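First comes the structure, then the notes that go with it.
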Amino acid sequence: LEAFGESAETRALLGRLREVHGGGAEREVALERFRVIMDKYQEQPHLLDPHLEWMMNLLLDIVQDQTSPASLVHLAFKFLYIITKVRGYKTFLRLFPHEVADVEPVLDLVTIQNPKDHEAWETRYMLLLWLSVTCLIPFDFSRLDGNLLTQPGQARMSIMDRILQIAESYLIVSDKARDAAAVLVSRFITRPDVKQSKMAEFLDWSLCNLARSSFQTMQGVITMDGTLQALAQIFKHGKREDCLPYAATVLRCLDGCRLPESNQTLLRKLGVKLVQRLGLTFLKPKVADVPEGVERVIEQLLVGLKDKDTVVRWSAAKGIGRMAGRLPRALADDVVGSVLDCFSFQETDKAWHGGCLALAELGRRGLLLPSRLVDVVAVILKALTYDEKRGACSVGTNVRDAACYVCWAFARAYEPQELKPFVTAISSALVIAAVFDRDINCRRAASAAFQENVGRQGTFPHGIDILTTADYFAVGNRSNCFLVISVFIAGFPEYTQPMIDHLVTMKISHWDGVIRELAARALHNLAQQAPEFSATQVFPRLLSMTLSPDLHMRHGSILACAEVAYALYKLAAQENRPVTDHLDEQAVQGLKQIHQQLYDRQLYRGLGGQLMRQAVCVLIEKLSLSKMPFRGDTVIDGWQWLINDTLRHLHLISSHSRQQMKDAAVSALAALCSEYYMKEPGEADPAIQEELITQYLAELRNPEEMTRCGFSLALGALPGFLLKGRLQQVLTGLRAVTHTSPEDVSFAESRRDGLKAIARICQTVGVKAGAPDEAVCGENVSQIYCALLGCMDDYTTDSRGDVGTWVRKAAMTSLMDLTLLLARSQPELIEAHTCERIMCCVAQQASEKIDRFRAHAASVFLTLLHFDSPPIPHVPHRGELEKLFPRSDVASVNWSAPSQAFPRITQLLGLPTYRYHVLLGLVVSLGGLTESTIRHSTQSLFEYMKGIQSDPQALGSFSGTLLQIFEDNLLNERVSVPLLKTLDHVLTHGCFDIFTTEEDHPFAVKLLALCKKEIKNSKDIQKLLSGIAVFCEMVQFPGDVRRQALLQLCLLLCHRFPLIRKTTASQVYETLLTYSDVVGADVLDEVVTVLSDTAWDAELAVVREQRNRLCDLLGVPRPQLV
Amino acid sequence: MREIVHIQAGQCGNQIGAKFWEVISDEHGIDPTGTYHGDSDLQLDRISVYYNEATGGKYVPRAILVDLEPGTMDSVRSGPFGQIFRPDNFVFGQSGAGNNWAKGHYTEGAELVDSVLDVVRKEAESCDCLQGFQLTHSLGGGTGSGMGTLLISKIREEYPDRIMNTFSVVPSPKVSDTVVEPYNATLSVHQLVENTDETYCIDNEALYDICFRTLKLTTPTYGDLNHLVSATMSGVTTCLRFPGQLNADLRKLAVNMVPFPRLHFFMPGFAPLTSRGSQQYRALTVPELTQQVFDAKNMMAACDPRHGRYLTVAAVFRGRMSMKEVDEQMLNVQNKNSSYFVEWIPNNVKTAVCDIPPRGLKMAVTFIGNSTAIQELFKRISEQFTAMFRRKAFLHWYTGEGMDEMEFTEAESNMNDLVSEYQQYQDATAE
Amino acid sequence: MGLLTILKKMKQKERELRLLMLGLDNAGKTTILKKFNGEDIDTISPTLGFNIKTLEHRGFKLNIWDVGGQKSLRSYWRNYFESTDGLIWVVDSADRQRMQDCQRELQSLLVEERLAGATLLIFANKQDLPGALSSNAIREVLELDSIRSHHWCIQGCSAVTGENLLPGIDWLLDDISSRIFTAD
Ligand SMILES: Nc1nc2c(ncn2[C@@H]2O[C@H](COP(=O)(O)OP(=O)(O)OP(=O)(O)O)[C@@H](O)[C@H]2O)c(=O)[nH]1
Ligand SMILES: Nc1nc2c(ncn2[C@@H]2O[C@H](COP(=O)(O)OP(=O)(O)O)[C@@H](O)[C@H]2O)c(=O)[nH]1
Ligand SMILES: [Mg+2]
Ligand SMILES: [Mg+2]
């Protein structure tokens, strides 16, 4: 925002006040419009400075007119107040009028205010501040009154007297006017005449208010806060020789008031404020004989730093800083020593915030002496690292903020030579914090302090270089500070060992898991800039931390060890040398005892068992990916075991960390099998290959589900050299699970994982034409495609919902991974029928009603269609599909959004091979329950039907396909109601208006019979309603079908459920009102009356007669009891 | 004596809280002075749940006002019932957030969180048995929703054994003209799905439609939306503020209405619907009230419960009726062979009875449903998220503060997973 | 309050300076202000109170005040000695009779506890007058050389012609910016 680009709108809104002050709806609209326009500049209202005056004068020529009604004046004052909250009063009041002709017009307006009118509080607020901006006039209030003895019988009261009676009344109110009363007295008693006239009276009133008021009675607390604020403002904006005489009685009364013990945060803050206001009245202002009251003031202000709230701690720190700046240089040392006591071992973390704030306030003025450098600094080094856990919450944010504030105030508290001794401990602190700090406020707080230090002083090692990179915006993302900027800072030798030490000490022992993972990932990269230091000093450290009793510390140390080992292996892989060159025998000896020291302490149980398993699996993966020298050693046999047990106890892991555990275990198994299970180049161990495979295969039949789910992915992660002659068995074992058996009905995750495992195995072994038990060949490629397609019709619906859909997802990602592979090896294997079936299935799963599975299906379809290297052979209407989905438009498509998917999927009906499946899939969305999906699908279907409604051939083929879909899903509860609703919608829209010309069309003649057979003996209410609607829509077709529909509608009118009886008549009324040719005008006034008068929800025996009577009118044979 | 600490963040949240407090003050019988002039023993039977016991029998609310600018904090302090609130319960800053979640959640929010938690602890320490926490805020603003999520996370970290309630308000284009309201709506939903137990969805599009059509208002303002929200809130907490045969516990109610820890979103409704000023129309019977309360028209959310599945339903009546009538009505509604069968009420509703109706009405009813149709709302904003995130519109306001595109992708994935789970469970067998 | 918020506040305060203009009556205290902004001076009336003007110059927001130079308006100057970053005393060069009143007014203002932290700018106005005293003569009658605890300076100017005012204002702004912060 560079300028106010809403001047005309605001001007019009302000001008409309004179013709919107008599409205209640328009008034609120204009207010809400003025508020939202002014709130845009709440973060930078200075841009509105050039406009302030004109808008202010506009609002003033409405409240400064004599023909202005109270209501119109109240809206102007509300607007005026809206401009004083955004710009603030201290800056917006300087433009208000201040002429001597504005003293009585403003006091007289202040004397017509209703104190009991809560709706007009903005008016009173704007009144008091205006009256206060008018007390600056450089004249005596006496010159203005003139002659008071002009009214005989009753003398007029003086202006000054009226103002004293206005301030005392507004200083005991409960609205916001009391705050405006605090700003008025500050500019009323601080002038010469008022000082000599009413100062004593106001002081007696205040001392009486704070001598009778309490912090328990509500109005008493209201009287306490206002009096304290008034006293503080008077002592702040008051002369020191007119005030010092009263400083002795004010403190004596405040001491007896007992504020520290009172249970009010505002009262204590105001009390500390008033105590620091009186404290400076005794000393002389300095520009860089100690009365006894100063000691009492200091004793009160040094007890306001241990408060339980920060609002009082900040005030106490400000008071201490303002007092130290006025006292001599001798008492300053004692004050600093007394303030330093807040950082004692027995003091809580709350006392540390106040101490650091006081230290910063003292350093800002330059009062700390050099002798206080070895101590104060020694404390700051700790305050920057304050981060403790007090039960379930964490504390240390405000401590670090105050530490950064103190650091930022040391660039002007000492000379460059005075602070030259601690530029190696403070530069390392600032940098370390700005780099690893958790909170973003502290990080940027440490960034600004370092900038100020390098700007003012400029003695820190590489100040400009560290400031250019680690700037205010660069430290915004925490991830960028740990993995990028950290390495850049460590590039220099002055910020390498300290940062690594701070990371290994505190960050590794942190309570947050994400922070530990980030610290480990940062150490991974930092080890590159210091391999020797990380291999000789950090590795022993982390190794000793893996034997700690702390769980989080053990996990962090294990992660750090794994990351350092991986980094050392990567670094050594460049020079083509073994990883043992970095780690010593003792180091590789301790990496073979981590797991045996955990399993022997039973550290794999409880809530920490999952974390320990994750850490050990990550360590095993990082060690196997480095080709460590543990081949032949029994330690390997241990690692493998720890994996199996995990896959055997996955159900024990929480539901919020089982997928990650399974993935990590599978990755560790994959890294281990392709490293420690190889006998020769290209071969594998016969004993292990046999035992592991037999165990895994026999495990697939365990009735437990999570075990099968884990072992599936385990099989799907084995290398290729271990399946050179065992594929014919692994594939059969995986396919045996993909089948749905009577016992494994609700077992969907097992098959979902088996499909993914088959995908991975097929991808690893590849294609070799001739070798069935070694690779995917033309002998074991058909079975695979048949097993993958048999899991695409998984519509299992249970109490958990449509869980089968999950399996379908695994069928879309698996079938793809196979196809793309064949095209990249032996495209001939991709048969035409199989490819057509896969495409039709993908089309159906992309025309579904769920939004996340439908979106996944469209992406898979586009990926399979946009494959050109080489082009997948046997693609029905390939060119048609390519023209319908150009590559340029696919870059921006919201497939998840039905609006941006249904109109693009409905066009597939034009293709014969897709027309059937696509419609079977779209029926579920056209007859589902989602309203938006129903609307979008119906609109997209009508947009396509409009193009083939006047075509007897296209419309006929569409109706035939719809009826074939209906027949194929006869008596199917998942396709009966949705398809019936779709037919009802299509009939209501009038798409089949051509078949209604002749009589007895082959379409309706069988559609009616199918609907009858579907609704024959049905108790579902939704199904009954759908059938009734279909039979009430099918009446448009003349011939025997019309008479049969009327007989069915009469049969349904007398159903067991009165609700159905009423709904049938309600729908028949609409059907008769729609089609007029169905019934002649000679018996039309006889049907509507019988339907409106007869109560179809009453006795069924009585309604049978009325219903039978409607059979003698419609001309429908009257049924009987069979 | 179970005490619940009330909280209200943001302008909309503070206004809704003030309106609800002023509405319940007239029902409990506590004049704005801070004393009780009520003439019913049932009023003071559970007044401690939302009011403290001070000297002279003066009742003090348990609300905690919080903001980043002072304008709204000043309007409530001078409101009709601005004296009952403690002066030291008002926590505020000066600059605000600027309709930016990153500025109201990570910077100013985390800067004033200390002063806010100070008062939160000061209030919690003055309670015999703390039950949970309640928060009223919106989802289309920066300060409001940001500070709300931050305070919820802080209260969960410092008090994991406490229930959390959030009467979040969903924005709407017909009420606001801000372009970055979808981003803040997506982030708050992601935070709430992780750190919340109850979430009463109050759409700002359904309320506008009701005020425009039902109330027949030419130009409805926030005063026609806040009154309805406060009425619905008072109807929801009818059992928590007055006696009742039904279990009026918050933890048990949440456990019964939270069978799924990700689908904890509740659509609230209430009949009869009234405007401001005119409220004494007629006294609807129990059948009419039950038919109107379960109607999509009397729903505070833009979604229709009929277009989904009923997971849990809680009904609460108040007026002059016996539990036998409500039981007979609810049992005959589900009777497929009766003359009063419908198709939008499940076979299990937690009915309640009360003898203290609201002001200007002799009878009233409130309904709370955990239906899956709420997912539709979650898909209304999601679409907008696709028309901005893909173009990186206004992304420099978020990335410049500290946020990463990794946070946006995670929130989008969480919303998509929630919608998918809702749509999947919507197709479960009704056994 | 966070360090970042504390710094945002320090910048806004330093961006706004305060200059209190004082001097004997009929010394051109209003003419200089009206000329420094580009307004008209022929339609100036004798101030019967006080005036304030918020302008911008060299990136600094100057809120210049101007109080009456009358005796009954001299007993109220104490009402504007707060947060004053600079002081500007105007002296009529052509006035040779009331040369002790200004010397007595400036001395009493120099012994002020609240004005100790500010930069003094002496504007010897009305230089084109034939009977106007040069800068050297005025620098000897106002006892300006004796001053040591205040960064004072004296430059002759003419408000009617707008001469030598910009250099003086620039020197004042530079001397005010040379410092860091001010006292409370
Ligand atoms: N129903 C209703 N919605 C409101 C009301 N006030 C604001 N809103 C909505 O709240 C959303 C965000 O505005 P606020 O909540 O006022 O903003 P904030 O939360 O204080 O945040 P900042 O502006 O960043 O300080 C918008 O979508 C508004 O339409 C209200 O009184 N009633
Ligand atoms: N010759 C001359 N006359 C001036 C100069 N400045 C001001 N005056 C006149 O001196 C008179 C006093 O001016 P005024 O500003 O009202 O004095 P103030 O009220 O103390 O500020 C006015 O009539 C001015 O036009 C100047 O530089 N030269
Ligand atoms: Mg706001
Ligand atoms: Mg003048």
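All residue names refer to the structure tokens as shown: chains lettered A, B, ... in order, residues numbered from 1 in each chain, ligands numbered from 1 in order.
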
### Task
Excluding residue 412 of chain B and residues on its chain fewer than 4 positions from it, collect all residues at most 12 Å away from it, counting only C-alpha atoms, and give them as a list in words.
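Everything that qualifies: residues 852 of chain A; 182, 183, 184, 185, 186, 187, 188, 189, 190, 191, 378, 379, 381, 382, 383, 384, 385, 386, 389, 405, 406, 407, 408, 416, 417, 418 and 419 of chain B.
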
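Near chain C, the residues of chain A that fall inside 6 Å (using only C-alpha atoms) are residues 138, 405 and 445 of chain A.
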
What residues of the protein or nucleic acid chains come within 12 Å of ligand 4 when you use only C-alpha atoms and all ligand atoms? Reply as an mmCIF file with N, CA, C and O atoms, in the first residue's frame.
data_model
loop_
_atom_site.group_PDB
_atom_site.id
_atom_site.type_symbol
_atom_site.label_atom_id
_atom_site.label_comp_id
_atom_site.auth_asym_id
_atom_site.auth_seq_id
_atom_site.Cartn_x
_atom_site.Cartn_y
_atom_site.Cartn_z
ATOM 1 N N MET C 21 9.067 26.286 18.691
ATOM 2 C CA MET C 21 9.464 27.627 18.284
ATOM 3 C C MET C 21 8.982 28.635 19.318
ATOM 4 O O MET C 21 7.795 28.659 19.662
ATOM 5 N N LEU C 22 9.903 29.462 19.811
ATOM 6 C CA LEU C 22 9.594 30.470 20.814
ATOM 7 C C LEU C 22 10.333 31.755 20.464
ATOM 8 O O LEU C 22 11.142 31.801 19.532
ATOM 9 N N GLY C 23 10.048 32.802 21.218
ATOM 10 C CA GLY C 23 10.663 34.097 20.992
ATOM 11 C C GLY C 23 9.715 35.215 21.368
ATOM 12 O O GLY C 23 8.522 35.013 21.583
ATOM 13 N N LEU C 24 10.277 36.419 21.447
ATOM 14 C CA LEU C 24 9.484 37.587 21.790
ATOM 15 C C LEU C 24 8.397 37.824 20.744
ATOM 16 O O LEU C 24 8.465 37.335 19.612
ATOM 17 N N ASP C 25 7.381 38.585 21.140
ATOM 18 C CA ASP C 25 6.279 38.884 20.239
ATOM 19 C C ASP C 25 6.758 39.740 19.072
ATOM 20 O O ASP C 25 7.677 40.554 19.201
ATOM 21 N N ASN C 26 6.125 39.541 17.916
ATOM 22 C CA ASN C 26 6.448 40.289 16.703
ATOM 23 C C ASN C 26 7.892 40.055 16.268
ATOM 24 O O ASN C 26 8.583 40.984 15.844
ATOM 25 N N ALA C 27 8.355 38.811 16.370
ATOM 26 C CA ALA C 27 9.696 38.433 15.947
ATOM 27 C C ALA C 27 9.701 37.609 14.668
ATOM 28 O O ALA C 27 10.770 37.167 14.236
ATOM 29 N N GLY C 28 8.541 37.391 14.054
ATOM 30 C CA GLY C 28 8.465 36.600 12.846
ATOM 31 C C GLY C 28 8.392 35.110 13.073
ATOM 32 O O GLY C 28 8.841 34.339 12.216
ATOM 33 N N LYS C 29 7.833 34.673 14.204
ATOM 34 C CA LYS C 29 7.746 33.243 14.479
ATOM 35 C C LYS C 29 6.736 32.558 13.569
ATOM 36 O O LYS C 29 6.899 31.377 13.243
ATOM 37 N N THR C 30 5.691 33.272 13.152
ATOM 38 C CA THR C 30 4.702 32.739 12.224
ATOM 39 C C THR C 30 5.105 32.923 10.768
ATOM 40 O O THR C 30 4.782 32.075 9.929
ATOM 41 N N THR C 31 5.807 34.013 10.450
ATOM 42 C CA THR C 31 6.225 34.243 9.071
ATOM 43 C C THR C 31 7.217 33.185 8.608
ATOM 44 O O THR C 31 7.122 32.702 7.475
ATOM 45 N N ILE C 32 8.173 32.812 9.460
ATOM 46 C CA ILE C 32 9.121 31.765 9.094
ATOM 47 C C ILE C 32 8.395 30.450 8.849
ATOM 48 O O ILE C 32 8.698 29.731 7.891
ATOM 49 N N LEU C 33 7.431 30.112 9.710
ATOM 50 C CA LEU C 33 6.689 28.868 9.532
ATOM 51 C C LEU C 33 5.895 28.884 8.232
ATOM 52 O O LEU C 33 5.879 27.893 7.495
ATOM 53 N N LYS C 34 5.231 30.004 7.933
ATOM 54 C CA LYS C 34 4.458 30.099 6.700
ATOM 55 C C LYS C 34 5.342 30.110 5.460
ATOM 56 O O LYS C 34 4.899 29.664 4.397
ATOM 57 N N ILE C 41 2.302 35.027 3.310
ATOM 58 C CA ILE C 41 2.617 35.742 4.540
ATOM 59 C C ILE C 41 1.942 37.104 4.630
ATOM 60 O O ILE C 41 1.873 37.670 5.733
ATOM 61 N N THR C 43 -1.163 37.799 4.416
ATOM 62 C CA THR C 43 -2.440 37.656 5.118
ATOM 63 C C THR C 43 -2.256 36.976 6.469
ATOM 64 O O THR C 43 -3.072 36.155 6.889
ATOM 65 N N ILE C 44 -1.175 37.314 7.167
ATOM 66 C CA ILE C 44 -0.880 36.772 8.487
ATOM 67 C C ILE C 44 -1.447 37.719 9.533
ATOM 68 O O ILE C 44 -1.339 38.945 9.402
ATOM 69 N N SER C 45 -2.056 37.148 10.571
ATOM 70 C CA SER C 45 -2.591 37.911 11.684
ATOM 71 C C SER C 45 -1.794 37.627 12.953
ATOM 72 O O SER C 45 -1.227 36.540 13.104
ATOM 73 N N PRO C 46 -1.731 38.577 13.885
ATOM 74 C CA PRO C 46 -0.987 38.331 15.124
ATOM 75 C C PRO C 46 -1.618 37.207 15.932
ATOM 76 O O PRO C 46 -2.758 37.307 16.389
ATOM 77 N N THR C 47 -0.858 36.128 16.100
ATOM 78 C CA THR C 47 -1.347 34.953 16.805
ATOM 79 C C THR C 47 -1.805 35.318 18.212
ATOM 80 O O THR C 47 -1.111 36.017 18.957
ATOM 81 N N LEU C 48 -2.990 34.835 18.570
ATOM 82 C CA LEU C 48 -3.608 35.103 19.867
ATOM 83 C C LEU C 48 -3.757 33.780 20.618
ATOM 84 O O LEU C 48 -4.714 33.583 21.373
ATOM 85 N N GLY C 49 -2.802 32.878 20.411
ATOM 86 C CA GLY C 49 -2.822 31.587 21.068
ATOM 87 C C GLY C 49 -1.594 30.760 20.749
ATOM 88 O O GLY C 49 -0.511 31.010 21.288
ATOM 89 N N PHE C 50 -1.749 29.770 19.872
ATOM 90 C CA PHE C 50 -0.639 28.935 19.440
ATOM 91 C C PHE C 50 -1.060 28.152 18.204
ATOM 92 O O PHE C 50 -2.249 27.989 17.915
ATOM 93 N N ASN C 51 -0.062 27.664 17.470
ATOM 94 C CA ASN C 51 -0.281 26.945 16.224
ATOM 95 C C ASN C 51 0.641 25.736 16.156
ATOM 96 O O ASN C 51 1.678 25.677 16.823
ATOM 97 N N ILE C 52 0.249 24.769 15.327
ATOM 98 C CA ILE C 52 1.009 23.540 15.118
ATOM 99 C C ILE C 52 0.952 23.230 13.628
ATOM 100 O O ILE C 52 -0.079 23.459 12.985
ATOM 101 N N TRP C 65 5.778 23.532 16.462
ATOM 102 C CA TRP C 65 4.854 24.308 17.275
ATOM 103 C C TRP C 65 5.270 25.772 17.249
ATOM 104 O O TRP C 65 6.435 26.090 16.992
ATOM 105 N N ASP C 66 4.314 26.659 17.516
ATOM 106 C CA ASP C 66 4.567 28.096 17.564
ATOM 107 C C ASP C 66 3.658 28.702 18.623
ATOM 108 O O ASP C 66 2.439 28.761 18.436
ATOM 109 N N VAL C 67 4.234 29.124 19.753
ATOM 110 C CA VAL C 67 3.459 29.713 20.887
ATOM 111 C C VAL C 67 3.575 31.237 20.818
ATOM 112 O O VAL C 67 4.561 31.718 20.228
ATOM 113 N N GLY C 68 2.616 31.966 21.395
ATOM 114 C CA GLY C 68 2.626 33.442 21.395
ATOM 115 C C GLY C 68 3.839 33.994 22.120
ATOM 116 O O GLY C 68 4.284 33.344 23.086
ATOM 117 N N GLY C 69 4.356 35.148 21.690
ATOM 118 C CA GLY C 69 5.522 35.794 22.327
ATOM 119 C C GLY C 69 5.083 36.836 23.338
ATOM 120 O O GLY C 69 5.931 37.666 23.719
ATOM 121 N N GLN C 70 3.817 36.802 23.768
ATOM 122 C CA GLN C 70 3.256 37.791 24.729
ATOM 123 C C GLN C 70 3.612 37.380 26.161
ATOM 124 O O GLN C 70 3.939 36.194 26.364
ATOM 125 N N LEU C 73 1.285 34.934 27.683
ATOM 126 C CA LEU C 73 1.427 33.643 26.956
ATOM 127 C C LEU C 73 2.815 33.058 27.234
ATOM 128 O O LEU C 73 3.108 31.980 26.682
ATOM 129 N N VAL C 90 13.525 32.781 18.194
ATOM 130 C CA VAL C 90 13.533 33.850 17.203
ATOM 131 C C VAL C 90 13.812 35.169 17.908
ATOM 132 O O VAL C 90 13.275 35.434 18.992
#

Distance filter 8 Å, only C-alpha atoms, chain A against chain B, as a CSV table (one decimal) with C-alpha atoms, in the first residue's frame:
chain,number,residue,atom,x,y,z
A,25,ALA,CA,-30.0,-0.9,8.5
A,26,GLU,CA,-28.2,1.6,6.2
A,28,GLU,CA,-25.0,-0.1,10.3
A,29,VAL,CA,-24.0,-0.9,6.7
A,40,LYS,CA,-6.8,-2.1,5.8
A,42,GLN,CA,-4.1,-0.9,10.7
A,43,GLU,CA,-0.6,-2.1,10.2
A,44,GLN,CA,0.7,1.1,8.6
A,82,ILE,CA,-12.9,5.1,14.2
A,85,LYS,CA,-8.2,4.0,17.0
A,118,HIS,CA,-24.0,3.1,26.9
A,119,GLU,CA,-24.9,3.3,23.1
A,121,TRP,CA,-20.0,6.1,24.6
A,174,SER,CA,-17.2,1.8,33.9
A,175,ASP,CA,-17.2,2.6,30.1
A,176,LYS,CA,-14.1,3.8,28.0
A,216,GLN,CA,-13.2,-6.5,45.6
A,217,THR,CA,-16.3,-4.2,45.1
A,264,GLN,CA,-5.8,-7.6,40.0
A,265,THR,CA,-3.1,-7.5,37.2
A,266,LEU,CA,-4.1,-3.9,36.0
A,308,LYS,CA,3.3,-13.7,37.7
A,309,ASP,CA,2.4,-11.6,34.6
A,310,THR,CA,4.6,-10.1,32.0
A,311,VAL,CA,2.6,-6.8,31.8
A,391,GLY,CA,5.2,-31.1,32.9
A,392,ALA,CA,3.2,-31.1,29.6
A,393,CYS,CA,4.1,-27.6,28.5
A,440,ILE,CA,10.5,-17.6,14.7
A,441,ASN,CA,10.2,-14.5,16.9
A,473,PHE,CA,13.5,-12.8,5.7
A,475,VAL,CA,15.5,-16.8,8.7
A,476,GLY,CA,11.7,-17.1,8.2
A,477,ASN,CA,11.6,-20.8,7.4
A,478,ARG,CA,13.0,-23.0,10.1
A,797,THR,CA,-19.3,-52.2,2.1
A,798,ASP,CA,-19.2,-52.7,5.9
A,799,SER,CA,-19.7,-50.6,9.1
A,800,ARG,CA,-16.4,-48.9,8.3
A,801,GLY,CA,-17.8,-47.6,5.0
A,802,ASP,CA,-16.6,-48.5,1.4
A,803,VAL,CA,-13.2,-49.7,2.5
A,850,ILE,CA,-15.9,-39.9,-4.2
A,851,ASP,CA,-13.6,-36.9,-5.1
A,852,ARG,CA,-10.1,-38.1,-4.1
A,894,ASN,CA,-9.3,-29.7,-11.1
A,897,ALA,CA,-13.8,-30.8,-8.4
A,929,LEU,CA,-26.5,-38.5,-2.2
A,930,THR,CA,-24.0,-35.6,-2.6
A,931,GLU,CA,-26.0,-32.6,-3.8
A,932,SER,CA,-23.2,-30.8,-5.7
A,1056,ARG,CA,-48.7,-50.4,4.5
A,1057,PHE,CA,-46.8,-47.2,5.3
A,1058,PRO,CA,-49.1,-44.0,5.4
A,1059,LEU,CA,-46.0,-42.0,4.4
A,1097,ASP,CA,-52.8,-41.0,6.0
A,1098,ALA,CA,-56.0,-42.1,7.8

Per-residue nearest contacts chain B to ligand 1, cut-off 6 Å, using only C-alpha atoms and all ligand atoms, as a Markdown table:
| residue | atom | partner | partner_atom_place_in_ligand_line | distance |
| --- | --- | --- | --- | --- |
| B:10 | CA | ligand 1 | 20 (O) | 3.7 |
| B:11 | CA | ligand 1 | 16 (O) | 4.1 |
| B:12 | CA | ligand 1 | 6 (N) | 3.7 |
| B:15 | CA | ligand 1 | 31 (O) | 5.6 |
| B:96 | CA | ligand 1 | 25 (O) | 4.5 |
| B:97 | CA | ligand 1 | 24 (O) | 4.0 |
| B:98 | CA | ligand 1 | 24 (O) | 4.1 |
| B:99 | CA | ligand 1 | 24 (O) | 3.8 |
| B:100 | CA | ligand 1 | 24 (O) | 5.8 |
| B:138 | CA | ligand 1 | 15 (O) | 5.2 |
| B:140 | CA | ligand 1 | 27 (O) | 4.1 |
| B:141 | CA | ligand 1 | 12 (C) | 3.4 |
| B:142 | CA | ligand 1 | 24 (O) | 3.6 |
| B:143 | CA | ligand 1 | 21 (O) | 3.7 |
| B:144 | CA | ligand 1 | 19 (O) | 3.0 |
| B:145 | CA | ligand 1 | 19 (O) | 5.8 |
| B:171 | CA | ligand 1 | 27 (O) | 4.4 |
| B:175 | CA | ligand 1 | 29 (O) | 5.1 |
| B:176 | CA | ligand 1 | 29 (O) | 4.5 |
| B:204 | CA | ligand 1 | 1 (N) | 5.7 |
| B:222 | CA | ligand 1 | 32 (N) | 4.9 |
| B:225 | CA | ligand 1 | 1 (N) | 5.1 |
| B:226 | CA | ligand 1 | 32 (N) | 5.5 |

Residues from last step as file, C-alpha atoms, as a compact mmCIF listing (two decimals), in the first residue's frame:
# COMPACT_ATOMS: atom_id res chain seq x y z
CA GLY B 10 -11.20 -12.05 16.85
CA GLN B 11 -13.82 -9.39 16.16
CA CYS B 12 -16.52 -11.85 15.12
CA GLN B 15 -19.13 -10.07 19.16
CA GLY B 96 -3.72 -6.42 14.26
CA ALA B 97 -2.76 -9.20 11.75
CA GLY B 98 -4.10 -7.91 8.36
CA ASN B 99 -6.23 -10.88 7.20
CA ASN B 100 -3.02 -12.92 7.25
CA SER B 138 -14.13 -17.22 12.80
CA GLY B 140 -12.01 -16.03 7.37
CA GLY B 141 -9.74 -13.68 9.29
CA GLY B 142 -6.11 -13.53 10.35
CA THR B 143 -6.04 -12.45 14.00
CA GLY B 144 -9.21 -14.32 14.93
CA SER B 145 -8.56 -17.80 13.54
CA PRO B 171 -16.89 -17.22 5.91
CA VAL B 175 -20.66 -11.54 3.53
CA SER B 176 -17.00 -10.64 2.89
CA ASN B 204 -21.93 -17.55 7.16
CA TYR B 222 -23.99 -8.59 11.22
CA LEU B 225 -26.35 -13.03 12.02
CA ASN B 226 -24.94 -12.56 15.57

### Task
Extract the full set of alpha helix (DSSP H) residues from segment 16-149 of chain C according to DSSP on the backbone, and format it as number ranges by chain.
C: 29-37, 99-110, 135-141
